[PDB]
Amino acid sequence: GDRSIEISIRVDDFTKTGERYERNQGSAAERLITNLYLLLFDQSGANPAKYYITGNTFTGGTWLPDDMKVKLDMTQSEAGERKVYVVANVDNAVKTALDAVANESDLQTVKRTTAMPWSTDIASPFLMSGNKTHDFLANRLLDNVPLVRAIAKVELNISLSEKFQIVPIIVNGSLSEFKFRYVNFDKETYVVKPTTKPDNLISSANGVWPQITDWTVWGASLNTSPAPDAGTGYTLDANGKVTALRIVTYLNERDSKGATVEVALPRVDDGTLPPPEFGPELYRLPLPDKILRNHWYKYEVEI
């Protein structure tokens, strides 16, 4: 007869890509779901039924986080065919904007802004969204809505050539002579990406090479055990020379080109460097011309 409905959800693996394609489930922190917001639109993309879920029992249904299942009291006959959206890890701003949504077309307007849109201000738990159109009359169970993280990840592993293998000054773990900045990162995390996502761009420092005063010192957070999912780190050899660097950050998706990571690297002077030429060198890594949500871009470079 006419039964209540169920929706299974899953967290979609990262797509990991470098010089080309693997799926990676990431860490527990990357998969963590603390809340859900369901929007069940009619076939026209209108008149959504909405459920905001922060625990196992709510008005209109239950959530079984260990089985990744939402049970809604809504019957099959009430549900019919729905465009089902699920959003995970909404903050008050996103939850409030979802309360206001009237139509499916509104979802691409819902966004969270981050003033410093990189690690660690972008961190777990991650905003995610997914959708599936489903006829509940044919099957009371929707298996499944895949939740796709709204952010991306960049991992840059640098192996240093001997020119850059200084013995660094280390200040509370940081390499005080090595600095970096992020250029033209987007501040917005959209729940659903518009067809062409507009730009809201910021850099982590304003200095243009060779003015690196306001850039960020290279840190040591990735050196410890267990390592955090994001941060900076480095390798020292038995003589204390630095031989490798690592940087891992989350960032927002972009449909437009020009995001970059810039790095200032000290160099060894063998006794022949002219004094007028003293100073670090610049490395620039152009990030993808289109940075895709839930992609993990891995770079392995020798400098």
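Position 1 is the first residue in the sequence shown; the rest follow in order.
The entry shows a gap from residue 19 to residue 20, with 1 to 3 unmodelled residues of the deposited sequence in between. Averaged over CA atoms, B-factors in the entry run higher in 223-231 than in the other of 86-94 and 223-231. For the pair 211-219 and 180-188, the mean Cα B-factor is higher in 211-219. Comparing the C-alpha B-factors of 138, 151, 156, 110 in the entry, the top value falls on 138. The residue among 195, 77, 129, 203 whose C-alpha atom has the highest B-factor in the PDB entry is 77.
Ranked by Cα temperature factor within the chain, residue 31 sits in the middle third according to the deposited record. Ranked by Cα temperature factor within the chain, residue 119 sits in the lowest third according to the deposited record. The PDB entry assigns residue 49 a C-alpha temperature factor belonging to the middle third of its chain's modelled residues. In this PDB entry, the Cα temperature factor of residue 250 sits in the bottom third of its chain's modelled residues, the lowest group. Ranked by Cα temperature factor within the chain, residue 199 sits in the middle third according to the deposited record.
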